[PDB]
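Shown next: query_18.pdb, containing PDB, C-alpha atoms and all ligand atoms.
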ATOM      1  CA  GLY A  13     -27.392 -75.256 -32.465  1.00  0.00           C
ATOM      2  CA  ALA A  14     -28.837 -72.034 -31.078  1.00  0.00           C
ATOM      3  CA  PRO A  15     -27.722 -69.923 -34.134  1.00  0.00           C
ATOM      4  CA  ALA A  16     -29.239 -72.321 -36.695  1.00  0.00           C
ATOM      5  CA  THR A  17     -32.490 -72.381 -34.659  1.00  0.00           C
ATOM      6  CA  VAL A  18     -32.639 -68.553 -35.090  1.00  0.00           C
ATOM      7  CA  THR A  19     -32.073 -68.917 -38.854  1.00  0.00           C
ATOM      8  CA  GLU A  20     -35.049 -71.320 -38.982  1.00  0.00           C
ATOM      9  CA  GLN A  21     -37.526 -69.879 -36.469  1.00  0.00           C
ATOM     10  CA  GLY A  22     -36.333 -66.306 -35.788  1.00  0.00           C
ATOM     11  CA  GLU A  23     -38.585 -63.317 -36.426  1.00  0.00           C
ATOM     12  CA  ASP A  24     -37.253 -60.577 -38.682  1.00  0.00           C
ATOM     13  CA  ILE A  25     -37.321 -57.463 -36.510  1.00  0.00           C
ATOM     14  CA  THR A  26     -35.753 -55.104 -39.099  1.00  0.00           C
ATOM     15  CA  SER A  27     -37.814 -52.306 -40.650  1.00  0.00           C
ATOM     16  CA  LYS A  28     -36.521 -53.131 -44.126  1.00  0.00           C
ATOM     17  CA  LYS A  29     -37.354 -56.845 -43.630  1.00  0.00           C
ATOM     18  CA  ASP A  30     -33.906 -57.844 -44.934  1.00  0.00           C
ATOM     19  CA  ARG A  31     -33.429 -60.543 -42.231  1.00  0.00           C
ATOM     20  CA  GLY A  32     -30.516 -58.380 -40.923  1.00  0.00           C
ATOM     21  CA  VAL A  33     -31.615 -59.074 -37.331  1.00  0.00           C
ATOM     22  CA  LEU A  34     -33.457 -62.280 -36.376  1.00  0.00           C
ATOM     23  CA  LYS A  35     -34.845 -62.942 -32.895  1.00  0.00           C
ATOM     24  CA  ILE A  36     -36.158 -65.767 -30.760  1.00  0.00           C
ATOM     25  CA  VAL A  37     -37.602 -65.286 -27.280  1.00  0.00           C
ATOM     26  CA  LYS A  38     -36.023 -68.060 -25.173  1.00  0.00           C
ATOM     27  CA  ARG A  39     -37.505 -67.036 -21.834  1.00  0.00           C
ATOM     28  CA  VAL A  40     -40.576 -64.819 -21.601  1.00  0.00           C
ATOM     29  CA  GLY A  41     -40.295 -61.616 -19.528  1.00  0.00           C
ATOM     30  CA  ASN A  42     -42.821 -59.858 -17.255  1.00  0.00           C
ATOM     31  CA  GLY A  43     -45.678 -57.498 -18.138  1.00  0.00           C
ATOM     32  CA  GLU A  44     -46.329 -55.941 -21.554  1.00  0.00           C
ATOM     33  CA  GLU A  45     -43.878 -52.973 -21.384  1.00  0.00           C
ATOM     34  CA  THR A  46     -40.780 -52.735 -23.611  1.00  0.00           C
ATOM     35  CA  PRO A  47     -38.273 -49.852 -23.282  1.00  0.00           C
ATOM     36  CA  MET A  48     -38.652 -46.488 -25.026  1.00  0.00           C
ATOM     37  CA  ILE A  49     -35.892 -44.724 -26.982  1.00  0.00           C
ATOM     38  CA  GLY A  50     -33.794 -42.892 -24.376  1.00  0.00           C
ATOM     39  CA  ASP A  51     -34.476 -45.345 -21.532  1.00  0.00           C
ATOM     40  CA  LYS A  52     -31.488 -46.625 -19.526  1.00  0.00           C
ATOM     41  CA  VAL A  53     -31.289 -50.416 -19.900  1.00  0.00           C
ATOM     42  CA  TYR A  54     -29.398 -53.040 -17.870  1.00  0.00           C
ATOM     43  CA  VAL A  55     -28.510 -56.383 -19.509  1.00  0.00           C
ATOM     44  CA  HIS A  56     -26.326 -59.439 -19.294  1.00  0.00           C
ATOM     45  CA  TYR A  57     -25.113 -60.950 -22.549  1.00  0.00           C
ATOM     46  CA  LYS A  58     -23.089 -63.719 -24.112  1.00  0.00           C
ATOM     47  CA  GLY A  59     -21.831 -63.111 -27.627  1.00  0.00           C
ATOM     48  CA  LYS A  60     -19.906 -64.984 -30.296  1.00  0.00           C
ATOM     49  CA  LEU A  61     -19.158 -65.093 -34.006  1.00  0.00           C
ATOM     50  CA  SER A  62     -21.829 -67.102 -35.791  1.00  0.00           C
ATOM     51  CA  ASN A  63     -19.351 -69.968 -36.263  1.00  0.00           C
ATOM     52  CA  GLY A  64     -18.571 -70.168 -32.508  1.00  0.00           C
ATOM     53  CA  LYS A  65     -15.233 -68.296 -32.031  1.00  0.00           C
ATOM     54  CA  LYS A  66     -14.544 -65.129 -29.948  1.00  0.00           C
ATOM     55  CA  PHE A  67     -17.000 -65.943 -27.102  1.00  0.00           C
ATOM     56  CA  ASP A  68     -17.431 -62.929 -24.783  1.00  0.00           C
ATOM     57  CA  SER A  69     -19.700 -62.651 -21.719  1.00  0.00           C
ATOM     58  CA  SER A  70     -20.604 -59.738 -19.408  1.00  0.00           C
ATOM     59  CA  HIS A  71     -21.073 -62.348 -16.640  1.00  0.00           C
ATOM     60  CA  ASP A  72     -17.260 -62.378 -16.753  1.00  0.00           C
ATOM     61  CA  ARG A  73     -17.241 -59.109 -14.784  1.00  0.00           C
ATOM     62  CA  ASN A  74     -20.156 -59.807 -12.354  1.00  0.00           C
ATOM     63  CA  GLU A  75     -21.316 -56.585 -13.881  1.00  0.00           C
ATOM     64  CA  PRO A  76     -24.469 -55.633 -15.901  1.00  0.00           C
ATOM     65  CA  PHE A  77     -23.880 -54.004 -19.269  1.00  0.00           C
ATOM     66  CA  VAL A  78     -25.657 -50.610 -19.044  1.00  0.00           C
ATOM     67  CA  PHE A  79     -26.502 -48.259 -21.934  1.00  0.00           C
ATOM     68  CA  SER A  80     -29.076 -45.744 -23.169  1.00  0.00           C
ATOM     69  CA  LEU A  81     -31.403 -47.192 -25.789  1.00  0.00           C
ATOM     70  CA  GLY A  82     -31.543 -45.674 -29.224  1.00  0.00           C
ATOM     71  CA  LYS A  83     -28.667 -43.212 -28.659  1.00  0.00           C
ATOM     72  CA  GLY A  84     -26.248 -45.141 -30.924  1.00  0.00           C
ATOM     73  CA  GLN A  85     -24.091 -46.233 -27.968  1.00  0.00           C
ATOM     74  CA  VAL A  86     -24.129 -49.813 -29.356  1.00  0.00           C
ATOM     75  CA  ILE A  87     -24.319 -51.563 -32.745  1.00  0.00           C
ATOM     76  CA  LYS A  88     -27.601 -51.047 -34.658  1.00  0.00           C
ATOM     77  CA  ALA A  89     -28.816 -54.619 -34.012  1.00  0.00           C
ATOM     78  CA  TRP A  90     -28.740 -54.000 -30.268  1.00  0.00           C
ATOM     79  CA  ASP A  91     -30.742 -50.728 -30.518  1.00  0.00           C
ATOM     80  CA  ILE A  92     -33.331 -52.650 -32.632  1.00  0.00           C
ATOM     81  CA  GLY A  93     -33.276 -55.821 -30.559  1.00  0.00           C
ATOM     82  CA  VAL A  94     -33.277 -54.632 -26.985  1.00  0.00           C
ATOM     83  CA  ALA A  95     -36.189 -52.291 -27.849  1.00  0.00           C
ATOM     84  CA  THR A  96     -38.357 -55.423 -28.515  1.00  0.00           C
ATOM     85  CA  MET A  97     -37.576 -56.956 -25.112  1.00  0.00           C
ATOM     86  CA  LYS A  98     -39.536 -57.135 -21.884  1.00  0.00           C
ATOM     87  CA  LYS A  99     -38.102 -56.991 -18.375  1.00  0.00           C
ATOM     88  CA  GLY A 100     -36.834 -60.455 -17.415  1.00  0.00           C
ATOM     89  CA  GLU A 101     -36.746 -61.706 -21.058  1.00  0.00           C
ATOM     90  CA  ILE A 102     -33.902 -63.759 -22.569  1.00  0.00           C
ATOM     91  CA  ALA A 103     -33.651 -63.511 -26.351  1.00  0.00           C
ATOM     92  CA  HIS A 104     -31.298 -64.864 -28.981  1.00  0.00           C
ATOM     93  CA  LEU A 105     -30.272 -62.532 -31.875  1.00  0.00           C
ATOM     94  CA  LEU A 106     -28.522 -63.496 -35.101  1.00  0.00           C
ATOM     95  CA  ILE A 107     -27.066 -60.417 -36.754  1.00  0.00           C
ATOM     96  CA  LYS A 108     -25.808 -59.868 -40.305  1.00  0.00           C
ATOM     97  CA  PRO A 109     -22.748 -57.531 -40.599  1.00  0.00           C
ATOM     98  CA  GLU A 110     -24.777 -54.588 -41.947  1.00  0.00           C
ATOM     99  CA  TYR A 111     -26.331 -54.283 -38.470  1.00  0.00           C
ATOM    100  CA  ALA A 112     -23.002 -54.914 -36.656  1.00  0.00           C
ATOM    101  CA  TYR A 113     -19.393 -54.056 -37.712  1.00  0.00           C
ATOM    102  CA  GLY A 114     -19.869 -54.144 -41.485  1.00  0.00           C
ATOM    103  CA  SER A 115     -16.945 -54.529 -43.852  1.00  0.00           C
ATOM    104  CA  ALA A 116     -14.499 -52.845 -41.434  1.00  0.00           C
ATOM    105  CA  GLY A 117     -15.026 -55.326 -38.583  1.00  0.00           C
ATOM    106  CA  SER A 118     -12.990 -54.765 -35.401  1.00  0.00           C
ATOM    107  CA  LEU A 119      -9.765 -56.654 -35.927  1.00  0.00           C
ATOM    108  CA  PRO A 120      -8.401 -58.979 -34.969  1.00  0.00           C
ATOM    109  CA  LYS A 121     -11.384 -59.958 -32.781  1.00  0.00           C
ATOM    110  CA  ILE A 122     -14.240 -59.364 -35.269  1.00  0.00           C
ATOM    111  CA  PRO A 123     -13.397 -60.018 -38.985  1.00  0.00           C
ATOM    112  CA  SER A 124     -14.688 -58.085 -41.987  1.00  0.00           C
ATOM    113  CA  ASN A 125     -18.309 -58.981 -42.738  1.00  0.00           C
ATOM    114  CA  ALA A 126     -18.975 -61.137 -39.675  1.00  0.00           C
ATOM    115  CA  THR A 127     -22.362 -62.482 -38.579  1.00  0.00           C
ATOM    116  CA  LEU A 128     -22.788 -62.285 -34.778  1.00  0.00           C
ATOM    117  CA  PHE A 129     -24.897 -64.188 -32.278  1.00  0.00           C
ATOM    118  CA  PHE A 130     -25.972 -62.940 -28.841  1.00  0.00           C
ATOM    119  CA  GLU A 131     -27.999 -64.224 -25.949  1.00  0.00           C
ATOM    120  CA  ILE A 132     -29.272 -61.138 -24.115  1.00  0.00           C
ATOM    121  CA  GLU A 133     -31.062 -61.013 -20.766  1.00  0.00           C
ATOM    122  CA  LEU A 134     -32.907 -57.714 -20.100  1.00  0.00           C
ATOM    123  CA  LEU A 135     -32.594 -57.199 -16.343  1.00  0.00           C
ATOM    124  CA  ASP A 136     -34.281 -53.795 -15.999  1.00  0.00           C
ATOM    125  CA  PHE A 137     -34.882 -50.404 -17.639  1.00  0.00           C
ATOM    126  CA  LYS A 138     -35.689 -46.902 -16.345  1.00  0.00           C
ATOM    127  CA  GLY A 139     -36.624 -43.566 -17.898  1.00  0.00           C
ATOM    128  CA  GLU A 140     -34.179 -40.748 -18.557  1.00  0.00           C
TER     129      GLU A 140
HETATM  130  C1  LIG B   1     -23.492 -46.949 -33.185  1.00  0.00           C
HETATM  131  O1  LIG B   1     -22.552 -48.019 -33.605  1.00  0.00           O
HETATM  132  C2  LIG B   1     -21.629 -48.407 -32.642  1.00  0.00           C
HETATM  133  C3  LIG B   1     -21.601 -47.996 -31.313  1.00  0.00           C
HETATM  134  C4  LIG B   1     -20.574 -48.487 -30.473  1.00  0.00           C
HETATM  135  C5  LIG B   1     -19.602 -49.403 -30.939  1.00  0.00           C
HETATM  136  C6  LIG B   1     -18.571 -49.865 -30.048  1.00  0.00           C
HETATM  137  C7  LIG B   1     -18.756 -51.337 -29.576  1.00  0.00           C
HETATM  138  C8  LIG B   1     -19.855 -51.548 -28.489  1.00  0.00           C
HETATM  139  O2  LIG B   1     -20.223 -52.996 -28.584  1.00  0.00           O
HETATM  140  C9  LIG B   1     -21.494 -53.390 -28.989  1.00  0.00           C
HETATM  141  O3  LIG B   1     -22.338 -52.592 -29.405  1.00  0.00           O
HETATM  142  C10 LIG B   1     -21.833 -54.810 -28.872  1.00  0.00           C
HETATM  143  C11 LIG B   1     -23.164 -54.939 -28.157  1.00  0.00           C
HETATM  144  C12 LIG B   1     -23.017 -54.558 -26.712  1.00  0.00           C
HETATM  145  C13 LIG B   1     -22.055 -55.497 -25.980  1.00  0.00           C
HETATM  146  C14 LIG B   1     -20.717 -55.501 -26.659  1.00  0.00           C
HETATM  147  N1  LIG B   1     -20.822 -55.653 -28.149  1.00  0.00           N
HETATM  148  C15 LIG B   1     -20.011 -56.439 -28.869  1.00  0.00           C
HETATM  149  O4  LIG B   1     -20.075 -56.504 -30.060  1.00  0.00           O
HETATM  150  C16 LIG B   1     -19.000 -57.327 -28.159  1.00  0.00           C
HETATM  151  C17 LIG B   1     -17.572 -56.749 -28.438  1.00  0.00           C
HETATM  152  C18 LIG B   1     -18.945 -58.724 -28.676  1.00  0.00           C
HETATM  153  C19 LIG B   1     -18.827 -59.795 -27.888  1.00  0.00           C
HETATM  154  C20 LIG B   1     -18.694 -60.937 -28.612  1.00  0.00           C
HETATM  155  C21 LIG B   1     -18.722 -60.708 -29.938  1.00  0.00           C
HETATM  156 CL1  LIG B   1     -18.524 -61.872 -31.194  1.00  0.00          CL
HETATM  157  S1  LIG B   1     -18.939 -59.143 -30.261  1.00  0.00           S
HETATM  158  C22 LIG B   1     -19.454 -51.294 -27.128  1.00  0.00           C
HETATM  159  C23 LIG B   1     -18.489 -52.115 -26.532  1.00  0.00           C
HETATM  160  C24 LIG B   1     -18.111 -51.977 -25.219  1.00  0.00           C
HETATM  161  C25 LIG B   1     -18.655 -50.952 -24.471  1.00  0.00           C
HETATM  162  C26 LIG B   1     -19.599 -50.100 -25.023  1.00  0.00           C
HETATM  163  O5  LIG B   1     -20.164 -49.077 -24.260  1.00  0.00           O
HETATM  164  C27 LIG B   1     -19.582 -48.517 -23.001  1.00  0.00           C
HETATM  165  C28 LIG B   1     -17.986 -48.350 -22.907  1.00  0.00           C
HETATM  166  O6  LIG B   1     -17.330 -47.787 -23.833  1.00  0.00           O
HETATM  167  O7  LIG B   1     -17.445 -48.729 -21.819  1.00  0.00           O
HETATM  168  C29 LIG B   1     -20.023 -50.279 -26.342  1.00  0.00           C
HETATM  169  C30 LIG B   1     -19.668 -49.801 -32.274  1.00  0.00           C
HETATM  170  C31 LIG B   1     -20.667 -49.300 -33.116  1.00  0.00           C
HETATM  171  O8  LIG B   1     -20.838 -49.574 -34.455  1.00  0.00           O
HETATM  172  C32 LIG B   1     -20.028 -50.499 -35.151  1.00  0.00           C
END
Here is a file; write its structure as structure tokens.
Amino acid sequence: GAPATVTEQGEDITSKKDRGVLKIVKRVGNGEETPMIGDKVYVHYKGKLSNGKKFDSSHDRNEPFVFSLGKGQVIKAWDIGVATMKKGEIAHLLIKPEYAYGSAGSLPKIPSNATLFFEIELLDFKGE
């Protein structure tokens, strides 16, 4: 499955190298440029618990997910992950709880100490 493929082949993109966030590029993007801290980014995503439950998709709303990178508007794993991405890229991330919702979780949807999986498509990004 896609999550197990990330376990096996994913690059560790954490600074501590604790395998907290693992990444595979599934479709290559355009150019060399990746977003800077403070850039406005536009993505589509599909997310689930590592074991398959709680599937959630922005495509639901025909509606890009928009946020400012590196401002702590999203879980740590997304600030780390999206910053590695090029415009047009689709990546898979597997995320240990320390980089997500931790021991608190977000009940009942996300349990204590949950590993998450996302497929993220970076549509565009623009400066502050
Ligand atoms: C800095 O740390 C945080 C910052 C924000 C949050 C809140 C959750 C955040 O969610 C997330 O950071 C991740 C990654 C972005 C897409 C949604 N996220 C999810 O986990 C979703 C809920 C999942 C989908 C399937 C899963 Cl299983 S988990 C989120 C959800 C919905 C909207 C939003 O911004 C704009 C608004 O308020 O309208 C932001 C949680 C944080 O830490 C635990």
Exercise: region 34-37 of chain A partners within 10 Å, only C-alpha atoms, chain neighbours under 3 positions left out, as a ChimeraX atom specification: /A:14-15,17-26,29-31,40-41,89,93,96-98,101-108,129-132
Between CA of residue 43 (chain A) and atom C29 of ligand LIG 1 (chain B), what is the spacing in Å?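 Those two atoms sit 27.9 Å apart.
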Running the PyMOL selection byres (((not hetatm)) within 8 of (chain B and resi 1)) on this model by hand, what would come out? Give it as number ranges by chain. A: 57-62, 65-70, 77-79, 83-88, 90, 112-114, 117, 121-122, 128-130
Just write the chosen residues, C-alpha atoms, as an mmCIF file, in the coordinates of the input.
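What ended up in out.cif:
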data_model
loop_
_atom_site.group_PDB
_atom_site.id
_atom_site.type_symbol
_atom_site.label_atom_id
_atom_site.label_comp_id
_atom_site.auth_asym_id
_atom_site.auth_seq_id
_atom_site.Cartn_x
_atom_site.Cartn_y
_atom_site.Cartn_z
ATOM 1 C CA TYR A 57 -25.113 -60.950 -22.549
ATOM 2 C CA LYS A 58 -23.089 -63.719 -24.112
ATOM 3 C CA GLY A 59 -21.831 -63.111 -27.627
ATOM 4 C CA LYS A 60 -19.906 -64.984 -30.296
ATOM 5 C CA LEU A 61 -19.158 -65.093 -34.006
ATOM 6 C CA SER A 62 -21.829 -67.102 -35.791
ATOM 7 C CA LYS A 65 -15.233 -68.296 -32.031
ATOM 8 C CA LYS A 66 -14.544 -65.129 -29.948
ATOM 9 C CA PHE A 67 -17.000 -65.943 -27.102
ATOM 10 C CA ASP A 68 -17.431 -62.929 -24.783
ATOM 11 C CA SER A 69 -19.700 -62.651 -21.719
ATOM 12 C CA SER A 70 -20.604 -59.738 -19.408
ATOM 13 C CA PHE A 77 -23.880 -54.004 -19.269
ATOM 14 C CA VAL A 78 -25.657 -50.610 -19.044
ATOM 15 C CA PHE A 79 -26.502 -48.259 -21.934
ATOM 16 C CA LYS A 83 -28.667 -43.212 -28.659
ATOM 17 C CA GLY A 84 -26.248 -45.141 -30.924
ATOM 18 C CA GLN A 85 -24.091 -46.233 -27.968
ATOM 19 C CA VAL A 86 -24.129 -49.813 -29.356
ATOM 20 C CA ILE A 87 -24.319 -51.563 -32.745
ATOM 21 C CA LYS A 88 -27.601 -51.047 -34.658
ATOM 22 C CA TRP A 90 -28.740 -54.000 -30.268
ATOM 23 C CA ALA A 112 -23.002 -54.914 -36.656
ATOM 24 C CA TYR A 113 -19.393 -54.056 -37.712
ATOM 25 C CA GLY A 114 -19.869 -54.144 -41.485
ATOM 26 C CA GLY A 117 -15.026 -55.326 -38.583
ATOM 27 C CA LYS A 121 -11.384 -59.958 -32.781
ATOM 28 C CA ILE A 122 -14.240 -59.364 -35.269
ATOM 29 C CA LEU A 128 -22.788 -62.285 -34.778
ATOM 30 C CA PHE A 129 -24.897 -64.188 -32.278
ATOM 31 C CA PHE A 130 -25.972 -62.940 -28.841
#
Residues matched by the PyMOL selection byres (((chain A and resi 81) around 7) and not hetatm) as a list in words: residues 49, 50, 51, 52, 53, 79, 80, 82, 83 and 91 of chain A
3 Å per side around region 75-87 of chain A: axis-aligned box centre and edge lengths, as JSON:
{"center_x": -26.4, "center_y": -49.9, "center_z": -23.3, "size_x": 16.2, "size_y": 19.4, "size_z": 24.9}
Min atom-atom distance to residue 56 (chain A) from the set A:136, A:127, A:115, A:38, counting all atoms listed in the file, belongs to A:136
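Distances here use all atoms listed in the file; by that measure, the residue among A:54, A:92, A:63, A:118 closest to residue 27 (chain A) is A:92.
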Let me know the residues the PyMOL selection byres (((chain A and resi 47) around 6) and not hetatm) catches in the file above, as a ChimeraX atom specification. /A:46,48,95
For CA of residue 74 (chain A) and CA of residue 138 (chain A), the interatomic separation in Å (one decimal):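 CA of residue 138 (chain A) lies at a distance of 20.6 Å from CA of residue 74 (chain A).
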So the first atom is CA of residue 99 (chain A) and the second is CA of residue 33 (chain A); what is the distance between them in Å, to one decimal place?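 Answer for the CA of residue 99 (chain A) to CA of residue 33 (chain A) separation: 20.1 Å.
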Please determine, counting only C-alpha atoms, which residue among A:134, A:94, A:116, A:16 has the shortest atom-to-atom distance to residue 64 (chain A). A:16
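Nearest-residue note for residue 135 (chain A): choosing from A:44, A:75, A:55, A:110, the minimum distance belongs to A:55, counting all atoms listed in the file.
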